[PDB]
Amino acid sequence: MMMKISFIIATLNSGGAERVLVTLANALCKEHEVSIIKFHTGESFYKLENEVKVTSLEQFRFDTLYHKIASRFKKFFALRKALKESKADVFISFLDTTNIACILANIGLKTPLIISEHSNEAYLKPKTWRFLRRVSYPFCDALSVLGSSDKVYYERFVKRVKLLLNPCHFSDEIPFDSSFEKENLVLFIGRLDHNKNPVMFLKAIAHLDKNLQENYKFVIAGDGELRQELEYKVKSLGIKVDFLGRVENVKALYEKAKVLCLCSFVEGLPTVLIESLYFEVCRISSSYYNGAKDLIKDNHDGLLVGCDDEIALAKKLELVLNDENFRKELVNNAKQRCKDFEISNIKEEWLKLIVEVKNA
């Protein structure tokens, strides 16, 4: 058959949850009718297939006390409005606060709703939001999670929880056979906020051999609050790092890069550590809270570093950039994990979840 599937998400900016949603929608939009309701006006950062319909909610003032109060009430009823007109067989909502809003807005409407979490359980820190997540999530029809630790946490107060890995859209484009002409390039792709911890990337570059810094180009793809602070630590440390802002063609960067470094403290299942697999990019990652070992088998598929260890990241960096035959062997083993993130297999596991919850 064919189903109307409505995705609900706050924004569609250069983030991981957004990348997965566009990947899923683009895959489902051929055989089903998929719409996307987003709170933020503006165009999707990721290329979206013409068949998926995107509707952005009204824009509301937030400058004054009356509007800060009124806009939220107006936002809720515009979302309840959009849900009714979508005429969907199923709703799929993304990320913590938007899941709760959909739980409430969907009250009354006769369509099942699937919520999905994307960071670890622990990334949501405020005491109050952890509570509203606890009382409201039992009222969903199913919950998609990324790791086994989050499955165990939510299963005790959510009845249907399914673990669905992130699908990588590069598994369609990039053929599993391609040779790469690597350059002396090292990537840090991610948001420039505290948890991504990009300062660890900078301090680790400063501790690299003078030969490596002189003959390698280090770039930071992404943006965030810490952008200007990092620009000044690059001068404080006296290194050469190329800030690129948000980048559409990460395929080009992944195509030339030899190493990608992830330095986060807490993560669910980082897509930069998945996308890298298709481009023979060597992953060096901090042992972020939880995931870690299921993406990187240390010294076999990649290199792991303790959390916030600027020197350990530097020694691992020199290991790979001073031993191309070892980085190649590290990276050829990583190719085995490509099958785990193929779009076609993961789309069919969402379709099982959708028809399973559609038995209401």
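Residues carry their position along the shown sequence, with the first being 1.
- When the two stretches 197-205 and 276-284 are set side by side, the higher mean Cα temperature factor goes to 197-205.
- Legend: mean Cα B-factor per stretch from the PDB entry, 332-340 versus 14-22; the higher mean is in 332-340.
- The residue among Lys258, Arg191, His169, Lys84 whose C-alpha carries the highest B-factor in the deposited model is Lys84.
- As recorded in the entry, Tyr153 carries the highest CA temperature factor of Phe94, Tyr137, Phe91, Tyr153.
- Remark: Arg227 belongs to the highest third of its chain, ranked by C-alpha B-factor as recorded.
- Among the modelled residues of the chain, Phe62 sits in the highest third by CA temperature factor in this PDB entry.
- Remark: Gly238 belongs to the highest third of its chain, ranked by C-alpha B-factor as recorded.
- For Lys74, the recorded CA temperature factor ranks within the highest third of the chain's modelled residues.
- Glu43: CA B factor lies in the highest third for its chain, per the PDB record.
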